[PDB]
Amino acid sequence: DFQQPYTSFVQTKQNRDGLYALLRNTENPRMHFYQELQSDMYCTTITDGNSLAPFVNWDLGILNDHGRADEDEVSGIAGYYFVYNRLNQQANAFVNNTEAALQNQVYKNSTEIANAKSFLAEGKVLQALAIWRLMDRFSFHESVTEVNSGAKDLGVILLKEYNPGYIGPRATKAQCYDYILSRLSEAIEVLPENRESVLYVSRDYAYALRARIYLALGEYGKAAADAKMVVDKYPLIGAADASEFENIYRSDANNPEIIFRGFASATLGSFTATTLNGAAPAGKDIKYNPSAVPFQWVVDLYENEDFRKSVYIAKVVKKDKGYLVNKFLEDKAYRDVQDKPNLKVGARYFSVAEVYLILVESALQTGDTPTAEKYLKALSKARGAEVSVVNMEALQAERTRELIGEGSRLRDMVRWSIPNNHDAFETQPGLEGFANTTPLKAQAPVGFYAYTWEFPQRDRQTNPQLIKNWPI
């Protein structure tokens, strides 16, 4: 978007739809595969041509300046940083131009004014999401040890106006989190209690997003309170077997757990997300050749009865000798031909199973055992494998089982003081000669700085006020 304030409701709504079209390609599963692969869950395969290995084996020399953000490619660490700043920039343009349009009294009636204020609240949630996704990967956790002098308590460059080419320093962690949380807070007051559409920002998604941020911050009482606002509003998938689970889970339209998602059809909004499964169409069947596969400990986390053991992960590597992360396989509603797989999925922004997990973790931390027991037993049972002992260990295992492929594990390891024990893990025995037994290039102990990414090299070169994260 641009710098000219809006002159009509139609113009405002068109730019609002423009912002959701951008969100679909930003808050996308393809942007979270990098943080996913950097966790302690995967090993590379012989199919990997040093593409996923820098994240998997913690190759610090490559990760330092990883990715691209130019006219020909937007990928990796540099691509992630670019798309979330571009999302923040366009949400700024939308928010400021709607605020100006409201101040200039350009709307025709009270309905246009009320709806424009509501759109403005949706924009604020997207400003909070963009700045938080930058905080999540480019600001350090409190537990970090050695860091570049002055970076420990720094956030990100906090820019509130559509201003490309801006040269400024990083704001503090407190300043960035105060802005994220004030945005969500101001939005929750305007957005109606009941969700208008699964395709648009709602008060339900604002509570879910804030619950996620509070959990990440270790604010368990506040995470539990936000989680309780939406946890009972979305029912879990009701499935008698794995086949019924797959057909509902893989359906954007029919899955009752989705709170917010991006528009998708066979012609618009659909995209392949084959990084983790290395899947390709082969007539009416699907060929698999992954570049990274989970370790045996990840496979053994699931009971054979668990519906996610043939959906989230699938024994499809080399026909049937190993397991592959098949969460983003397809939504058959986005096929061009009914019987021909094209492996197209839609962008999902929040689902109730993540809210259940935020609630269980936060309840265990605040000593609310009945709440932890109710929601952990409910989620695991619906998945076909009920947990028998509800404790922090069972939450850690069920959270890992549920959010595999979604880039949660790297964050979870840091919050749970889990070092990367990659070198000690047993690879899948049926994948001998395919799965790599490559050791970490750099060890990742509790508090290691490289759990946080370095700011892209171009940005560090053009902005002398930007303080880098990594020492040495």
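Numbers for residues come from their place in the sequence shown, where the first is 1.
The stretch 429-437 shows the higher mean C-alpha B-factor when 429-437 is compared against 413-421 in the entry. Taking only CA atoms, the mean B-factor in the PDB entry is higher for 36-44 than for the other of 36-44 and 402-410. Per the PDB entry, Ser291 shows the highest C-alpha temperature factor of the residues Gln127, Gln396, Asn96, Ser291. Of the candidates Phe82, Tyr177, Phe138, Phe295, the one whose C-alpha carries the top B factor in the deposited record is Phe295. Sort the chain's modelled residues by C-alpha temperature factor and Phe328 lands in the middle third, per the entry.
Looking at the C-alpha B-factors along this chain, the one for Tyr107 belongs to the middle third.
Per the deposited record, the Cα B-factor of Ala353 falls in the lowest third when ranked against the other modelled residues of its chain. Among the modelled residues of its chain, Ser182 has a C-alpha B-factor that falls in the lowest third, as given in the PDB entry. The deposited CA B-factor of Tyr312 belongs to the middle third of values across its chain.
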